[PDB]
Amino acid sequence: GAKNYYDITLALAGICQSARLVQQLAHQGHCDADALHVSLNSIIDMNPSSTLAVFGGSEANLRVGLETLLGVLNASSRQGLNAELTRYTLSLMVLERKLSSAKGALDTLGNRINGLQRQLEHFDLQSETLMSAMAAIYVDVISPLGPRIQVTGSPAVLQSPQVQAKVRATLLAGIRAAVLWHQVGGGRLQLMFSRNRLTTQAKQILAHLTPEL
């Protein structure tokens, strides 16, 4: 119901999940399939009873994002791997605010997203066809509204048009999570003032996911 750190943490975990999947992709050319399936499905599922239902109704679906979030909030080096994750997450947040403020853009985007039903009729969500249709939406709708997210990794890997397509489609997911984040009370100032509460809540969810330990 009312603004709470549990929902804010999940939505933040979605933005970090996008960021981390882009990073696996750019360095290795492959990413966690289960996490990507979750992130891609959050773009298209128009049934959102709760924040968590956006990601399929299970906390396990965001594990990647929750673990990433812990470094993005706290480790915060200016170099190395974690500094890439931080730069991607802040770029996503800056782009979503441009999208939210740009007269008309959010209506356009919703229509373009619903329009993936044209392709989903004949092609699965993870196909090269869907990946390129979702990348086209990111590129046509979102990327002109602000600074480009500069993606770094192995340059040879990144010349693949299929890697490029998946990158862009996953960036669309991170935008979709940032939209949710603001819808559940999240924002810039909240994030500067509530860090330890987000970190603690994410640690709690990961402990809840791992009763083995």
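In this text, residue numbers run from 1 along the sequence as written.
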query	finding
Mean C-alpha temperature factor, higher of 163-171 and 29-37	29-37
Stretch with the higher entry mean CA B-factor, where the candidates are 73-81 and 106-114	73-81
Selection by C-alpha B-factor (highest) of 100, 91, 143, 129	100
48, 57, 65, 186, ranked by C-alpha B-factor: the highest one	48
Third of the chain, ranked by Cα B-factor, where residue 9 sits	lowest
Third of the chain's Cα B-factor distribution that residue 201 belongs to, per the entry	lowest
Third of the chain's Cα B-factor distribution that residue 133 belongs to, per the entry	lowest
Lowest, middle or highest third - CA B-factor, residue 52	middle
Chain third (lowest, middle, highest) by recorded CA B-factor, residue given as residue 43	middle
